């Protein structure tokens, strides 16, 4: 539900989130470019076909509000989309 549906609406793919890692704004600010207001839960799925890691960064539980979507290719290059 919710979160995974978002990944599909954004990528089209039906990906299953495999882990959710908690990161602080400074750890994130470093990569996304922007600094979130609070702690970020990075939900990561892996699209084996394209061999990309699809990461849906939301806010912490229990809110889980979508903040940015990040697609990283096999060569570590990111495609960031602020939601």
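Note that the rigid core is defined as the largest set of C-alphas that superpose within 1.5 Å between two forms. Positions refer to the first chain, counted from 1.
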| property | result |
| --- | --- |
| Higher-deviation stretch (C-alpha RMS, rigid core fit) in 9 other deposited structures of this protein, choosing from 69 to 77 and 11 to 19 | 11 to 19 |
| Of 44 to 52 and 31 to 39, the stretch whose C-alpha atoms average the higher B-factor in the entry | 31 to 39 |
| 70 to 78 versus 15 to 23 - greater average Cα B-factor per the deposited record | 70 to 78 |
| Entry-reported Cα temperature factor of residue 10, expressed as the chain third it lands in | highest |
